[PDB]
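For reference, the structure discussed in these notes is given below.
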Amino acid sequence: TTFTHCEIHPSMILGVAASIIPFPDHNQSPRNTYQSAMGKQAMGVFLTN
Amino acid sequence: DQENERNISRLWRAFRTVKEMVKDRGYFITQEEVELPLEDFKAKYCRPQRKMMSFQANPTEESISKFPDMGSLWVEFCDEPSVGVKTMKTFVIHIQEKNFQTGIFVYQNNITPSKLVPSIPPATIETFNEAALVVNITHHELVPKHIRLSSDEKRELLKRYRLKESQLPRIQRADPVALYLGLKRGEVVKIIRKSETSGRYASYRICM
Amino acid sequence: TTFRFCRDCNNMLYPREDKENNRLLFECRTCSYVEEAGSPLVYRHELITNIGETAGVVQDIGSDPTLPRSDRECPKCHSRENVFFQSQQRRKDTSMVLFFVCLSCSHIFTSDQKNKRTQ
Amino acid sequence: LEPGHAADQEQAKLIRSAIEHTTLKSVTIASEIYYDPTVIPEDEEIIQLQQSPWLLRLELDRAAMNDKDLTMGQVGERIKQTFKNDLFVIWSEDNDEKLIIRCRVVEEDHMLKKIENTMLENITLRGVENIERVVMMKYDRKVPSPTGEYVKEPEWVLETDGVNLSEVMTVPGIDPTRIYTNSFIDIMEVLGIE
Amino acid sequence: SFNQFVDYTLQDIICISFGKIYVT
Amino acid sequence: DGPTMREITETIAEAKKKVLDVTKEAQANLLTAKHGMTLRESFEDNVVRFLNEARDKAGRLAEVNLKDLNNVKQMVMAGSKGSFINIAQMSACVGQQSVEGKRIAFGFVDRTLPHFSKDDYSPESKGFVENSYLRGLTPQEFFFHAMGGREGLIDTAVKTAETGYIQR
Amino acid sequence: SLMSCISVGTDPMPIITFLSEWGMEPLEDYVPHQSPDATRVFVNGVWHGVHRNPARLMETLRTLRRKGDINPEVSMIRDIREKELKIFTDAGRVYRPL
Amino acid sequence: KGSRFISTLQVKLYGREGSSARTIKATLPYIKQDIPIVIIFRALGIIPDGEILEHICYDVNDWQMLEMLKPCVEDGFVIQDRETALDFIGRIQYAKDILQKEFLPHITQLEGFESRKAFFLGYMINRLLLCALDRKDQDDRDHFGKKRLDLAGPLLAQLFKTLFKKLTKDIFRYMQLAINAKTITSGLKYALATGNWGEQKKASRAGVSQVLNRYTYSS
RNA sequence: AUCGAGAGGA
DNA sequence: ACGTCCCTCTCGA
Ligand SMILES: [Zn+2]
Ligand SMILES: [Zn+2]
């Protein structure tokens, strides 16, 4: 117990996209690499205007 | 007594494989002559001195059939680890005045340029080293049986398979086995090896 | 070897021998200063390096919060409050024997049982 | 290994330390130079049984002479040999307190430091060079038992980390009709193109 | 990065004499 | 879970002991410098044989718990799609994640993550993801699994242009 | 990543003066042959001076930005094992909160 | 904060292990060969070979560090004072300018700082040796704390500075307000519009002004 | 249309 | 000295 600081929440190492993966702590890492750049080639409301 | 006996074996073993080559080339040696152990080798050759163990074998009666010009081969050794042109003139006149066909001279450590080897037509002489002769390469697991082809065995392969000289796989004059049989340019050879498929494939090679 | 320099030039000294009295002098080639040697040890190579196997461990050494603390006592004050670290001579072979350092009295002592290190 | 006693762990143990390539730098722990026409304290009993006052005191390591197990009487011997009678050399003994060799040249300040490095790297000891390490190991091999079938007698084989087959061929006690190296370029130079 | 560029470090590049600079 | 996971939780523990011995034994200079490799590499090469066979000989306890009416078992029993390593990584324990061949590196100050001790050779901080995909990795575990796969992607993508220049 | 941000660029002058007023010896009047435990200061790769006991220095500063007197993006560090202290008012550092 | 400066500094220890020719030299901006670490030390002002060794050694007991410092003293023992040092760098005083200016300028390029330029130089030869005696694992070129990144600001800073560059040498032509105004605009426009980050019209880190992605708000 | 840069598909 | 095959978009002289 020589702790200097403490992490806010460990889920903040996630990137911009890969934050949307449901339970990445239960998948192979190269699968989390795909859904990362795969949610970028999707469809949906990109803006309201 | 020191540890000179380790240098003593590493020349008897050479001597045997040096003489082994002479039978495979096409000369007259018996298996008991080469299998002559070092115990009988020291008794009749000691005190190890090399100018006593110079030999002269000569062609067999089978070799004179397809190699009818393979003549007298004289082989002399040297005691001096380094050899100059002064002793070479003493050796070249052995073959020159008696007019033999080929000669092989074993130096045991080093020779200088003093260069004169290709100057007795018709007689090119091979030069080997006890460092590479102590163990024989041709006994190895993956060195196939190279067999020399005659001048008529040659032009017979070139007619049956409808070839020109170039169109045949090649071995080079400095190839460790082309030295071991003293191959010249134009001579062919019939590598017979085991095969994972045919069981006995027979490849051919010419020498440059 | 821990040799010195001239006192008039502060330039290094190249040894020389007294060819008559048989003694060693530390000559100078900037000026002509001379002095006779202290020890006959002129050169040392030392191939298996051991100087610095605990390098860098001065004042506030039980402070760096990175290094955790052990629960074992020291050979004088016997404090179970003390830090530790591996050999800081980062060579490819040096063993993982751990050089303990005490927070309370600041002195080095190994756990190596094959021998017993002093530094 | 050789045909007969190839199941002999010890026959290869010597061949292990017969081509593993030793040099002075391997065993030497500290090389010092001194000016001393017989000063150094604990050297007085050794000197018991014309040159140059320049000393060369190199000290070996205990455990260094076990892993390859060299002999003090021979490590200095080929130091004594590689310079003819031009270097006055005598060593310690193997049951001593600390192993040390001393040499004298027979100005020469840096010119003895000349043979400071010359001894370290270019004076090999016990083995053939370029084979910078070996390691024996057992691997199973099928061979016909005299009853007729193929059976399971293993053997040993020294696996090197370097290739100079040119003269590891000719070492005694091995099988020079079998020795194999990955260097197919070196195999071509020694054994033939085929 | 842009705010600290336009505010300060944009003015620093003024070295018939150049002074304080305004951007609309 | 059915009382098989209960005993897979001890092989993950007993295999810590088999590497907890060679832990402080190696910092007592007792570790026999094996024929050739150094003291350091003798510990790594001896600890990964205890972690690889820990990971391996932890999932093959589950390969028998699943009855012949399991589906993913019926998938590898035919060979349709599945391996045994697929089962241990999902059910039992994923295992040691390795970058460039060896265990993880010390890109920091002789340590692995700014959450662990300095000068530490632990398996729980050198890439042994003890949890399974079912259970859920922890942020440390998840990260190493990351660097173990970056190596893969880098490979199967920036080493697939030489395979194809060899062919040409 | 999400909570990551990037340094913007701070000025080094109003802290290299805060050093000279708390135990910094510039290196023109510095020779190590009377002070070997001399810790070395660094600001953006500049060795400006020397200090003796960094104990209450690196912690009077670590609580100087925590109250706002020094910019929070400027990073402290002292390598105790090597007796050095680097300070970065740099522009381009990738700082995370904690 | 005022340039780019592509002039880097090299200091290398010659002679590998076993070579007793381990001379330390240094390659400097605008200078051909590698200068021994002593000649540059005297062109600085630190003269006696022996007085320079406190700038290198921060504890005169590392006798194994000072042993590698032997020959580099003799390698540059032929020059003895400050004048002779900077002539070997070649009226020929021009070396004092290069030393004062394009050399360790992350300190100041004013003269009178000749002591921080030396005490930094010795600190570099210092850190060089700790790796030669394996008291330090060579630094991590793939370490991320050692890496910086330029965002919009500093990227524009290079472009704005390199645009204002030849604007002021184009107003120097208005004599031999009616100055050029399109060049600052069309330059900022070009680089941010092509991706080839400006540099007149010769490309240079191409692919930095990418068009945005609008398929999903997440993307 | 042409060349030049950019993100992706297996 | 050349540095996988083919394919879909998008934009500046
Ligand atoms: Zn002097
Ligand atoms: Zn104590």
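As shown in the structure tokens, the chain order sets the letters A, B, ...; within each chain, residues go from 1, and ligands are also counted from 1 in the order they appear.
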
### Query
Hey, what's within 10 Å of residue J:11 if we count only C-alpha atoms (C1' of nucleotides) and toss same-chain stuff fewer than 2 positions away? As a ChimeraX atom specification, please?
/H:193-194,211 /I:4-6

How would you write, as a JSON list (two decimals) with N, CA and C atoms, in the first residue's frame, the set of residues in stretch 11-71 of chain G that DSSP gives as strand (DSSP E)?
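Wrote part-v9.json, looks like this:
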[["chain", "number", "residue", "atom", "x", "y", "z"],
["G", 25, "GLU", "N", 21.29, 26.19, -7.55],
["G", 25, "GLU", "CA", 22.60, 26.77, -7.86],
["G", 25, "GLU", "C", 22.85, 26.66, -9.35],
["G", 26, "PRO", "N", 22.84, 27.77, -10.11],
["G", 26, "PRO", "CA", 23.23, 27.71, -11.52],
["G", 26, "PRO", "C", 24.59, 27.07, -11.73],
["G", 39, "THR", "N", 21.72, 16.98, -7.10],
["G", 39, "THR", "CA", 20.63, 16.67, -8.01],
["G", 39, "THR", "C", 20.54, 17.72, -9.10],
["G", 40, "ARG", "N", 20.12, 17.28, -10.28],
["G", 40, "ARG", "CA", 20.13, 18.09, -11.49],
["G", 40, "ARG", "C", 18.71, 18.45, -11.88],
["G", 41, "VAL", "N", 18.49, 19.72, -12.18],
["G", 41, "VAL", "CA", 17.18, 20.20, -12.60],
["G", 41, "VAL", "C", 17.14, 20.22, -14.12],
["G", 42, "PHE", "N", 15.94, 20.01, -14.67],
["G", 42, "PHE", "CA", 15.73, 20.05, -16.11],
["G", 42, "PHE", "C", 14.36, 20.64, -16.39],
["G", 43, "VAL", "N", 14.31, 21.57, -17.34],
["G", 43, "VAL", "CA", 13.05, 22.13, -17.83],
["G", 43, "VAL", "C", 13.09, 22.06, -19.35],
["G", 49, "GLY", "N", 20.24, 24.35, -13.30],
["G", 49, "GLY", "CA", 20.83, 24.47, -11.99],
["G", 49, "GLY", "C", 20.89, 23.16, -11.25],
["G", 50, "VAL", "N", 21.13, 23.26, -9.94],
["G", 50, "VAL", "CA", 21.39, 22.11, -9.08],
["G", 50, "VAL", "C", 20.73, 22.35, -7.72],
["G", 51, "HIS", "N", 20.24, 21.27, -7.11],
["G", 51, "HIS", "CA", 19.69, 21.31, -5.76],
["G", 51, "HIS", "C", 20.27, 20.17, -4.93]]

### Query
How many Å lie between atom CA of residue D:175 and atom CA of residue B:38, rounded to one decimal?
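One can read the atom CA of residue D:175 to atom CA of residue B:38 distance as 19.1 Å.
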
#### Entry: Distance filter 12 Å around ligand 1, atoms: only C-alpha atoms (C1' of nucleotides) and all ligand atoms, out as number ranges by chain
C: 4-14, 26-35; H: 48-51

Restricting the output to N, CA and C atoms, write the selected residues as an mmCIF file, in the first residue's frame.
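The result, stored in again-v6.cif:
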data_model
loop_
_atom_site.group_PDB
_atom_site.id
_atom_site.type_symbol
_atom_site.label_atom_id
_atom_site.label_comp_id
_atom_site.auth_asym_id
_atom_site.auth_seq_id
_atom_site.Cartn_x
_atom_site.Cartn_y
_atom_site.Cartn_z
ATOM 1 N N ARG C 4 46.118 10.604 -10.193
ATOM 2 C CA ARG C 4 45.942 12.048 -10.092
ATOM 3 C C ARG C 4 46.627 12.763 -11.257
ATOM 4 N N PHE C 5 46.667 14.092 -11.177
ATOM 5 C CA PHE C 5 47.259 14.927 -12.210
ATOM 6 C C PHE C 5 48.333 15.821 -11.603
ATOM 7 N N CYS C 6 48.993 16.572 -12.484
ATOM 8 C CA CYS C 6 49.988 17.555 -12.078
ATOM 9 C C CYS C 6 49.349 18.643 -11.223
ATOM 10 N N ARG C 7 50.152 19.232 -10.336
ATOM 11 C CA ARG C 7 49.689 20.315 -9.479
ATOM 12 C C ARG C 7 49.915 21.693 -10.089
ATOM 13 N N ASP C 8 50.723 21.791 -11.144
ATOM 14 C CA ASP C 8 50.973 23.058 -11.817
ATOM 15 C C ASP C 8 50.175 23.223 -13.102
ATOM 16 N N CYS C 9 49.797 22.121 -13.753
ATOM 17 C CA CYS C 9 49.041 22.175 -14.996
ATOM 18 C C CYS C 9 47.644 21.586 -14.897
ATOM 19 N N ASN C 10 47.374 20.754 -13.889
ATOM 20 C CA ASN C 10 46.128 19.993 -13.792
ATOM 21 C C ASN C 10 45.905 19.127 -15.030
ATOM 22 N N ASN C 11 46.996 18.721 -15.673
ATOM 23 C CA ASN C 11 46.974 17.788 -16.789
ATOM 24 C C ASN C 11 47.399 16.407 -16.304
ATOM 25 N N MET C 12 46.849 15.373 -16.939
ATOM 26 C CA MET C 12 47.057 14.011 -16.466
ATOM 27 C C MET C 12 48.529 13.622 -16.566
ATOM 28 N N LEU C 13 48.895 12.578 -15.825
ATOM 29 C CA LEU C 13 50.288 12.199 -15.635
ATOM 30 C C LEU C 13 50.545 10.828 -16.242
ATOM 31 N N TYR C 14 51.603 10.736 -17.043
ATOM 32 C CA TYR C 14 51.943 9.512 -17.750
ATOM 33 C C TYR C 14 53.130 8.868 -17.053
ATOM 34 N N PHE C 26 55.335 9.519 -11.754
ATOM 35 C CA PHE C 26 54.214 9.985 -12.566
ATOM 36 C C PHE C 26 54.645 11.281 -13.245
ATOM 37 N N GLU C 27 55.074 11.168 -14.498
ATOM 38 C CA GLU C 27 55.614 12.286 -15.253
ATOM 39 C C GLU C 27 54.487 13.161 -15.807
ATOM 40 N N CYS C 28 54.854 14.373 -16.218
ATOM 41 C CA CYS C 28 53.965 15.300 -16.903
ATOM 42 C C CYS C 28 54.576 15.665 -18.250
ATOM 43 N N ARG C 29 53.750 15.703 -19.298
ATOM 44 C CA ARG C 29 54.222 16.059 -20.632
ATOM 45 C C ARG C 29 53.725 17.416 -21.108
ATOM 46 N N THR C 30 52.923 18.117 -20.308
ATOM 47 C CA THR C 30 52.676 19.532 -20.576
ATOM 48 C C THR C 30 53.831 20.355 -20.018
ATOM 49 N N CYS C 31 53.983 20.355 -18.697
ATOM 50 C CA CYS C 31 55.145 20.907 -18.025
ATOM 51 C C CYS C 31 56.130 19.777 -17.727
ATOM 52 N N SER C 32 57.119 20.056 -16.878
ATOM 53 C CA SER C 32 58.122 19.070 -16.495
ATOM 54 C C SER C 32 57.951 18.600 -15.054
ATOM 55 N N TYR C 33 56.739 18.711 -14.511
ATOM 56 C CA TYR C 33 56.446 18.232 -13.167
ATOM 57 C C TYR C 33 56.651 16.722 -13.079
ATOM 58 N N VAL C 34 57.136 16.269 -11.920
ATOM 59 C CA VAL C 34 57.357 14.853 -11.652
ATOM 60 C C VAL C 34 56.965 14.564 -10.208
ATOM 61 N N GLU C 35 56.433 13.363 -9.975
ATOM 62 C CA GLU C 35 56.224 12.856 -8.626
ATOM 63 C C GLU C 35 56.251 11.336 -8.675
ATOM 64 N N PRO H 48 42.661 22.653 -19.565
ATOM 65 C CA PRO H 48 43.582 21.576 -19.167
ATOM 66 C C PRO H 48 42.916 20.208 -19.247
ATOM 67 N N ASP H 49 43.564 19.277 -19.949
ATOM 68 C CA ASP H 49 43.067 17.901 -19.997
ATOM 69 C C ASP H 49 43.198 17.304 -18.602
ATOM 70 N N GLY H 50 42.094 17.305 -17.869
ATOM 71 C CA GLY H 50 42.100 16.976 -16.460
ATOM 72 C C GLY H 50 41.129 17.883 -15.738
ATOM 73 N N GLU H 51 41.051 19.140 -16.189
ATOM 74 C CA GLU H 51 40.000 20.052 -15.757
ATOM 75 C C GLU H 51 38.682 19.800 -16.480
#

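Near chain C, within 9 Å and counting only C-alpha atoms, the residues of chain A are residues 1, 2, 3 and 4 of chain A.
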
File dump, residues just selected, N, CA, C and O atoms, as a PDB file, in the first residue's frame:
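The resulting file, selection_2.pdb, is reproduced below:
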ATOM      1  N   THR A   1       0.832  -1.204   0.000  1.00  0.00           N
ATOM      2  CA  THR A   1       0.000   0.000   0.000  1.00  0.00           C
ATOM      3  C   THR A   1       0.870   1.259   0.000  1.00  0.00           C
ATOM      4  O   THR A   1       0.838   2.086   0.912  1.00  0.00           O
ATOM      5  N   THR A   2       1.670   1.387  -1.057  1.00  0.00           N
ATOM      6  CA  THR A   2       2.427   2.600  -1.336  1.00  0.00           C
ATOM      7  C   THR A   2       1.763   3.442  -2.416  1.00  0.00           C
ATOM      8  O   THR A   2       2.444   4.157  -3.158  1.00  0.00           O
ATOM      9  N   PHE A   3       0.436   3.364  -2.512  1.00  0.00           N
ATOM     10  CA  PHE A   3      -0.285   3.973  -3.620  1.00  0.00           C
ATOM     11  C   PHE A   3      -0.156   5.489  -3.594  1.00  0.00           C
ATOM     12  O   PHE A   3      -0.266   6.124  -2.543  1.00  0.00           O
ATOM     13  N   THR A   4       0.074   6.066  -4.771  1.00  0.00           N
ATOM     14  CA  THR A   4       0.103   7.511  -4.949  1.00  0.00           C
ATOM     15  C   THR A   4      -1.213   8.045  -5.500  1.00  0.00           C
ATOM     16  O   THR A   4      -1.738   9.045  -5.000  1.00  0.00           O
TER      17      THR A   4
END

### Task
List all protein, DNA and RNA residues that have any atom at most 7 Å from ligand 2, counting only C-alpha atoms (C1' of nucleotides) and all ligand atoms, and write the list as a list in words.
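Residues satisfying the distance criterion: residues 74, 75, 76, 77, 78, 79, 102, 104, 105, 106 and 107 of chain C.
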
### Task
Compute the set of chain H residues within 9 Å of chain C, using only C-alpha atoms, and express it as a ChimeraX atom specification.
/H:48-51,60-64,66-67,73,80,133-137

Residues of the last selection are to be written out with C-alpha atoms, as a short mmCIF file (atom, residue, chain, number, x, y, z; two decimals), in the first residue's frame.
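out_12.cif, written as the output of this step:
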data_model
loop_
_atom_site.label_atom_id
_atom_site.label_comp_id
_atom_site.auth_asym_id
_atom_site.auth_seq_id
_atom_site.Cartn_x
_atom_site.Cartn_y
_atom_site.Cartn_z
CA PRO H 48 43.58 21.58 -19.17
CA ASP H 49 43.07 17.90 -20.00
CA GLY H 50 42.10 16.98 -16.46
CA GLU H 51 40.00 20.05 -15.76
CA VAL H 60 35.85 11.08 -9.22
CA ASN H 61 35.73 7.47 -8.01
CA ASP H 62 34.28 5.80 -11.15
CA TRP H 63 37.82 4.72 -12.04
CA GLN H 64 36.43 2.48 -14.79
CA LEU H 66 37.86 7.56 -16.30
CA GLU H 67 39.75 4.66 -17.92
CA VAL H 73 42.60 12.98 -23.92
CA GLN H 80 46.42 22.51 -26.07
CA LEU H 133 29.43 -0.31 -18.82
CA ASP H 134 25.90 -1.83 -18.76
CA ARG H 135 24.68 0.25 -15.84
CA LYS H 136 21.76 1.38 -18.02
CA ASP H 137 19.57 -0.31 -20.62
#

### Query
Where does DSSP see alpha helix (DSSP H) in chain A, if you list the residues as a ChimeraX atom specification?
/A:29-38
